[PDB]
Undergrad: 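Quick one: this structure, given as structure tokens, is what I'll be asking you about.
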Amino acid sequence: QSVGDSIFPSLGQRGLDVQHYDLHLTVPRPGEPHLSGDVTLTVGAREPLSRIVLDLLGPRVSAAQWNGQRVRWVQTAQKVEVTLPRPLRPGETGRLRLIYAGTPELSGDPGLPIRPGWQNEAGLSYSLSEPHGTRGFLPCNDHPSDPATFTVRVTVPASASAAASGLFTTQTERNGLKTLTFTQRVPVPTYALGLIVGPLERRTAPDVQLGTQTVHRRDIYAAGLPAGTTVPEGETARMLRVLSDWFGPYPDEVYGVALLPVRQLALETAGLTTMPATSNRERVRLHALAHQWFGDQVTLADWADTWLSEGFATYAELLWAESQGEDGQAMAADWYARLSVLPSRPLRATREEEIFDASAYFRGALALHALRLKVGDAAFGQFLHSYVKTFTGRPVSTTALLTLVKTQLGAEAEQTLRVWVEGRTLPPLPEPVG
Ligand code: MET
Ligand code: NA
Ligand SMILES: [Zn+2]
């Protein structure tokens, strides 16, 4: 019934394909968790579905409609189950509308770097929901194997502002309330949906030209940032050029950061990275930008394969470092020096405590380092382009990665990657052949 994730076995609905979220969120007091919601989901199906089963954790549904007609629905524990008048079959789409209100609940589970979900602190409310927190404020197929496009209308007090993933179009104001509209036009996972409300300011930068492609530039600056919380001029353009030369075209229409005066890890929310100031370093800004490809465009089929996101985002830091004239092998050796004193594991995680551990970041990066040094920078760069293309529109798996390596690069290259994928012991540091 559910997606059947190996880490979170109850999330999502098997065969459900949400294609667009049309969300109208109203945040009456930024900084406090209460909110109300009005969302219409455009859903398709990969198998016949008698019901639409959505994740929701906290708020209470008050009304539901299907294609504009009243429909039978029930809220059970962590799910909203909607019985359709007839099954939704592959090739068809329907519009499920849900009216809800209440307090999002955090899924803060010990073994995760955050309590994921709707965050509320210091006059700000914002989404920081990787892996399974979006269900706190949005009835959603809350699994990265079902990315979707988003249109978000955020209604906030006039004194406040709001920013969400997607290009900002309109802002209207009545009765002391402002409503802002953002359109995320390339599909991204539920947790990749950026949404921040509170005292914040929008700052545009000149367009970035990546050959034919134009990438808009916009950052968010919340009030009360520490001194020296900046995006160095020109850095994001150089990062976009260097990363897109490695991975292929940038997947989105805009990139920037939302700098927050809070103490938290950064999250690669689509086109607008949620960037607490304590994480605002060059290497994190690169990391989060790399994730726009590996995580937001190329999405995970199963939360056990987090290293496909975190390892690839981590290896981009070394590609960026080399691009800036630094020694890549020395950085790889630093990754290894930090893993040599830590427990190691195969790259496929089996427990939630492992999905964001040192192996997912650095053992995955060193896995890519072993592959790159085996096939050469030319072959490696052509494989990263192929990888992004092969898994655009299709969730990626560790198995699918190895098969693509054998396919494209050969059996020897596949076996080089596999020793890093499999095996509990940490392999020796990948070093140039010579
Ligand atoms: C605390 S969850 C954030 C994960 C994100 N991919 C990172 O680089 O830290
Ligand atoms: Na989808
Ligand atoms: Zn990351």
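We count ligands from 1, going down the list as the structure has it; atoms in each ligand are counted the same way. Along the sequence shown, residues carry numbers from 1.
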Undergrad: Please report whether ligand 1 has a polar contact with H287, defined as an N or O pair separated by less than 3.5 Å (distance criterion only).
TA: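 Such a contact does occur with ligand 1.
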
Undergrad: Run the numbers for me: atoms of ligand 1, each under 4.0 Å from some heavy atom of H291, listed by number.
TA: 6 (N)

Undergrad: Quick check on side-chain hydrogen bond (donor to acceptor under 3.5 Å, both in side chains): which of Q264, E121, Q119 does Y126 satisfy it with?
TA: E121

Undergrad: Is it true that, when you exclude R70 itself, more than 12 heavy atoms of the residues, nucleotides or ligands shown sit nearer than 6.0 Å to its CZ?
TA: yes

Undergrad: Walk me through whether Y191 and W303 qualify under ring-ring contact (aromatic ring centres under 6.0 Å, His included).
TA: CA-CA 13 Å; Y191 71 87; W303 276 111; 5.5 Å; yes

Undergrad: With respect to atom 9 (O) of ligand 1, which of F356, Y191, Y361 exhibits the smallest heavy-atom separation?
TA: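 Among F356, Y191, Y361, the closest heavy atom to atom 9 (O) of ligand 1 comes from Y361.
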
Undergrad: Evaluate the side-chain proximity of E326 to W320: yes if any heavy-atom separation is below 4.5 Å, no if none is.
TA: no

Undergrad: Could you tell me the separation between the OG atom of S6 and the CZ atom of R351, rounded to the nearest 0.5 Å?
TA: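 Spacing of OG (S6) from CZ (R351) equals 12.5 Å.
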
Undergrad: With atoms numbered from 1 as shown, which atoms in ligand 1 lie under 4.0 angstrom from a non-hydrogen atom of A266?
TA: 3 (C), 5 (C), 7 (C), 9 (O)

Undergrad: Taking non-hydrogen atoms only, is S309 closer than 4.0 angstrom to ligand 1 via side chain, backbone, both or neither?
TA: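 Looking at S309 and ligand 1, no heavy atom falls under 4.0 Å.
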
Undergrad: Among the protein atoms near the Na ion (ligand 2), how many are N, O or S and lie under 3.0 Å away?
TA: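 Under the 3.0 Å cut-off, the count stands at 4.
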
Undergrad: Distance from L319 atom CG to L384 atom CG, nearest 0.5 Å?
TA: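 So the gap between those two atoms works out to 7.0 Å.
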
Undergrad: With atoms numbered from 1 as shown, which atoms in ligand 1 lie under 4.0 angstrom from a non-hydrogen atom of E310?
TA: 4 (C), 5 (C), 6 (N), 7 (C), 8 (O)

Undergrad: Under 4.5 Å between any side-chain heavy atoms of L260 and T274, yes or no?
TA: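 When only atoms from C-beta onward are counted, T274 and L260 do touch, with a gap below 4.5 Å.
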
Undergrad: Counting no waters, what protein N/O/S atoms lie under 2.8 Å from the Zn ion (ligand 3)?
TA: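 For the Zn ion (ligand 3), the protein N, O and S atoms that sit under 2.8 Å away are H287 NE2, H291 NE2, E310 OE1.
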
Undergrad: Rounded to the nearest 0.5 Å, how far apart are CG of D327 and CG of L318?
TA: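 Rounded to the nearest 0.5 Å, the CG-CG separation comes to 8.5 Å.
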
Undergrad: Is the cationic atom of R203 (NZ for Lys, CZ for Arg) positioned less than 6.0 Å from the six-membered ring centroid of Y221 and within 45 degrees of its normal?
TA: yes

Undergrad: Under 3.5 Å, side chain of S165 to main-chain N/O of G194, donor-acceptor pair present?
TA: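 Answer holds: yes.
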
Undergrad: Determine whether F182 and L195 make a side-chain contact, defined as any pair of heavy atoms from C-beta on separated by less than 4.5 Å.
TA: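 In short, these two side chains do not touch, never coming nearer than 4.5 Å.
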
Undergrad: Could you verify whether a donor N or O on one side chain and an acceptor N or O on the other, from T190 and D142, lie under 3.5 Å apart?
TA: yes

Undergrad: Number the atoms of ligand 1 from 1 as they appear, then name those within less than 4.0 Å of a heavy atom of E268, with their elements.
TA: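 Here the atoms of ligand 1 in question are 5 (C), 6 (N).
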
Undergrad: For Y387, run the ring-ring contact (aromatic ring centres under 6.0 Å, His included) check against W293, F312, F247 and tell me which one passes.
TA: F312

